[PDB]
Amino acid sequence: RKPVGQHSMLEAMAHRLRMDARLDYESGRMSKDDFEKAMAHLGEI
Amino acid sequence: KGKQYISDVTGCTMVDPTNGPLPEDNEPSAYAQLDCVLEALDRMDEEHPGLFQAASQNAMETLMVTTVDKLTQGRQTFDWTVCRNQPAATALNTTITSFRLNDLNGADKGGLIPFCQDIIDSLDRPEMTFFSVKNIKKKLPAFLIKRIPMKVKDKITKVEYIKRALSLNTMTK
Amino acid sequence: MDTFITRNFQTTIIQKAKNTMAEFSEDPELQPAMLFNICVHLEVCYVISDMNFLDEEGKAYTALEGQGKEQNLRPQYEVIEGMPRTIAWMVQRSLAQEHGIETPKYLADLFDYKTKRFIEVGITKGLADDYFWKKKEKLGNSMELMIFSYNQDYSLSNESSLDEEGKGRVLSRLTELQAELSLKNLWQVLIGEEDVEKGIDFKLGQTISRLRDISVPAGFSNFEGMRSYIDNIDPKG
Amino acid sequence: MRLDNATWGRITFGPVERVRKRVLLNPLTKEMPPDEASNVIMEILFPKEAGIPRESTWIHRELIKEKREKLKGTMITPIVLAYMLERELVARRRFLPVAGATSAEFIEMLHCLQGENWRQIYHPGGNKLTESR
Amino acid sequence: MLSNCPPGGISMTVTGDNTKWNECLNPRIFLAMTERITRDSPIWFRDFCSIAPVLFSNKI
RNA sequence: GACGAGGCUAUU
RNA sequence: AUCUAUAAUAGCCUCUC
Ligand SMILES: [Mg+2]
């Protein structure tokens, strides 16, 4: 399906990855250290 | 045999056969009469009530729900930035980027209408900055000439840009 | 008019409000009041999102000064409003999928992980209870909604998920906003109901106008004359 | 399988008047228009990035669950699964010349059913709806 | 058309091609056609529809 | 160096 | 009773002397 949105691709990808990381953390898919790394990278971006 | 004049926008020679003299022989003639065309269209409208209105309304709705990416659906398209032929998507991307260079961000809104407004406005800019392709030539002995293309910024005037926008690229079938 | 909004509401709030009105295709200048409302709404959301943080035991705790950034890992609440429709819908659907709750039929304003529920925060000018019930008319229980009012009236949903300090802070912020806009003479600027019909705009520039003018058949000076002729004349015979 | 479990009758030679009608090409157990099918497929395969829950999908909600049951642990690329689901749900209707057999089971064999001057009796396998009968 | 033929008369079919179809058709006539068709449309859409014939009248 | 439109087909 | 509805790419056919 053709994606829709007037926002930038970078912002969409950043938000999607943030949500994925948080949901993996809450579901146990990701541990503490990987979550800290992911959040640090997202914030730096 | 029509009205010949000079365009004040591009400086080109213009020929207008419409409403010209009626033909006196059986040779091909482009001197269509506006009155007769309007009479034929009114007859069509009378024989099909509401056809013109329904067609216009449907076309307007489709246009209002049409995005800028509808223009990528073509084949080789004339690209004015390189004055060449490039795939429709490539030409559209190059036009969008060049417009971004000239404070023309309608394509961001997503719809075809804002992008067409941007095209109309571009026709009015006193100057145009864009990205074009320049080739460097190297001498490879065999001697043969090797071409290395690259992107470089470029600037053209209002009349040159208008003529490029109105240009058609011709080829053989 | 807009100077008050720029000075009070931060840059991010105004940017997100403008993005929202662009999403709904509402011009800022023609409808300034709506803009302001959006901002305040967004503002309250952030406030209610910046008063708890989940810990290693999955329980909420308040924030205070002297805390490092590392300690703030995952917020207690997730913010839905102030985001592009596609992004907000993706967030809401992901939360619904990963919490085994059916997606509500309308976009929410906040998500609370502790209770795992979607919250629709509203701001009302009239009676708080009437607004609460009118919102109830849509879903009722699928999205627990809390309403605030400019007259220090609140209608919290059945499952309270906030403390008295936060509610008092939000009400005090709203009171300060009311006082400043009153002493700056802008309440009348917003109360006005001025929303005329708005439609698509396609305006021809000078070059295209001249091209169309010199693009008419023979016997016409400009395109306006040609259009009038096409519209008014009867070509019968 | 429909081809294999089929019986062939006689072949007759004679005039066959054919009319061009818009007919279904392939049988489908459940058929919906392309937009509904696309929404259902997005629900089945990409529930996260599906957007507004259009009410038109309500009738098919149960079906969605069933599909999500079969594809829970599949390693096939999602786009191939999406076009599989389209192949199963979206109908293809084309204008074709037909003479007395317009059901999709017969349109599948149309090329062998008849020409302009001959008829081939054909009994497709499977099951036929009561409405067709 | 066969069934509509008046009785006792003649019906005659002309197989025809137009010569110089693209050469002789004028974009100005197309502009007039577009203006006539969109008679009861909003002004913005009428201008939008008129753009293309205008650009073709000034083509290079 | 190989365009526009219509129909049909295959593929993702 | 198929009217509706219909993402993208590519192919073939049809449509100046
Ligand atoms: Mg012919």
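Per chain, numbering begins at 1; letters A, B, ... match sequence-line order. Values below: every heavy atom of this structure, side chains too, minus hydrogens, waters and symmetry copies.
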Between G/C17 and F/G1, how far apart are the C1' atoms? Round to whole Å, please.
22 Å
Quick one: which of F/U12, G/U9, G/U4 gets closest to the side chain of D/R22?
G/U4
Could you tell me whether E/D47 and C/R212 have a side-chain N and a carboxylate O separated by less than 4.0 Å?
yes
For F/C3 and B/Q76 - does any side-chain N or O of the residue sit under 4.0 Å from the phosphate oxygens OP1/OP2?
no
Would one find a side-chain N or O of B/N85 under 4.0 angstrom from OP1 or OP2 of F/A2?
yes
Which nucleotide in the set G/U2, G/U9, G/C17 lies at the smallest distance from any side-chain heavy atom of D/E31?
G/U2
Nearest to the side chain of B/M171, heavy atoms from C-beta on, is which of F/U9, G/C3, F/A2?
F/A2
Under a 3.5 Å limit for both distances, which nucleotide forms a Watson-Crick or G-U wobble pair with G/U4, could you say?
none
If you look at every strand shown and take non-hydrogen atoms under 4.0 Å, does D/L81 touch a base, only sugar-phosphate, or nothing?
nothing
Can you figure out if F/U11 has a north or south sugar, judging by whether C1'-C2'-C3'-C4' is positive or negative?
north
Have B/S98 and B/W80 got a donor and an acceptor in their side chains that come within less than 3.5 Å?
no
Do the charged groups of C/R93 and D/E49 touch, with an N to O distance under 4.0 Å?
no
For G/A8 and B/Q73 - does any side-chain N or O of the residue sit under 4.0 Å from the phosphate oxygens OP1/OP2?
yes
Please give the distance between the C1' atoms of F/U11 and G/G11 as a whole number of Å.
11 Å
Using a strict 4.0 Å threshold on nitrogen-to-oxygen distance, state whether B/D45 and E/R36 make a salt bridge.
yes
Using the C1' atom as the point on both nucleotides, what is the distance between F/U9 and G/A8, in whole Å?
16 Å
Could you check whether D/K65 pairs with D/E69 (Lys NZ or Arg NE/NH1/NH2 to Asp/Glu carboxylate O, under 4.0 Å)?
no
Do the charged groups of B/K1 and B/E24 touch, with an N to O distance under 4.0 Å?
no
Rounding to a whole Å, what distance do you find between E/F30:CZ and F/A5:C1'?
13 Å
Below 4.0 Å: OP1/OP2 of F/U9 and any side-chain N or O of D/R94
yes
Given RNA chain G, 5'-ward residue of the pair B/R75 and D/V23, judged by closest heavy atom:
D/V23
A/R16 bridged to A/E11 by N-O distance under 4.0 Å:
no
Given the rule that a pair is Watson-Crick or G-U wobble with both distances under 3.5 Å, how would you write RNA chain F in dot-bracket, using | for pairs to a different strand?
...|||||||.|
Using a 4.0 Å heavy-atom cut-off, does B/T72 contact any base of the nucleic acid, only the sugar-phosphate backbone, or nothing at all?
sugar-phosphate
Nearest-angstrom distance from the residue atom CG of D/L85 to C1' of G/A7
15 Å
With sequence neighbours left out, write down each residue that passes side-chain hydrogen bond (donor to acceptor under 3.5 Å, both in side chains) with C/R85, or none if nothing qualifies.
C/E23
Among D/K67, D/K30, D/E66, which residue satisfies the side-chain hydrogen bond (donor to acceptor under 3.5 Å, both in side chains) criterion with D/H60?
D/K30
Expressed in angstrom and rounded to an integer, what is the separation of E/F56 atom CZ from F/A5 atom P?
11 Å
Rounding to the closest angstrom, what is the interatomic distance between F/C3 and G/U9 at atom P?
14 Å
Using the ring of D/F46 (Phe, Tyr or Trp, six-membered ring only), decide whether D/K48 places NZ or CZ under 6.0 Å from its centre and within 45 degrees of its axis.
no
Identify all pairs in which a protein N or O lies below 3.5 Å from an N or O of nucleotides 12-15 of chain G, and state each distance.
none

Short side-chain N/O contact from D/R93 to OP1 or OP2 of G/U6, under 4.0 Å
no
Any side-chain N or O of D/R92 below 4.0 angstrom from OP1/OP2 of G/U6?
no
In whole Å, what is the span from the CD atom of D/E86 to the P atom of G/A7?
10 Å
Rounded to whole Å, please give me the gap between CD1 in D/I41 and P in G/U6.
14 Å
Do D/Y83 and G/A7 share a donor-acceptor pair, side chain to base, under 3.5 Å?
yes
What is the distance, rounded to the nearest whole Å, between atom CZ of A/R1 and atom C1' of G/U6?
12 Å
Salt-bridge present (D/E105, D/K128; N to O < 4.0 Å):
no
